[PDB]
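Residues 1 to 57 (PDB author numbering) make up the sequence shown, in order. Using N, Cα and C, we set each Cβ at its ideal position, and we do this for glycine too.
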Amino acid sequence: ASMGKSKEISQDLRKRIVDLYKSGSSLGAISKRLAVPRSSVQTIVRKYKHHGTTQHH
């Protein structure tokens, strides 16, 4: 498993934020650690929130 693994430096951070967002604290985790989500976190979370609510296939 060498061809994949952590593609994009920020991907691991994105995964950690989204995991916390879906399981518990959504904005508390972002506000405390990241402080300002910006468009970067907001666009990713908007799509993920939809998938977390009801993912359509």
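- Rounded to the nearest angstrom, the gap between the Cα atoms of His56 and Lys22 is 17 Å.
- Taking the CA atoms as reference points, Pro37 sits about 27 Å from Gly4.
- Within the model, the alpha-carbon separation for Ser26 versus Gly52 is close to 12 Å.
- Around the beta carbon of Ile9, fewer than 16 other beta carbons sit within 10 angstroms, so the residue counts as exposed.
- DSSP places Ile44 inside the alpha helix (DSSP H), whose first and last residues are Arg38 to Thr53.
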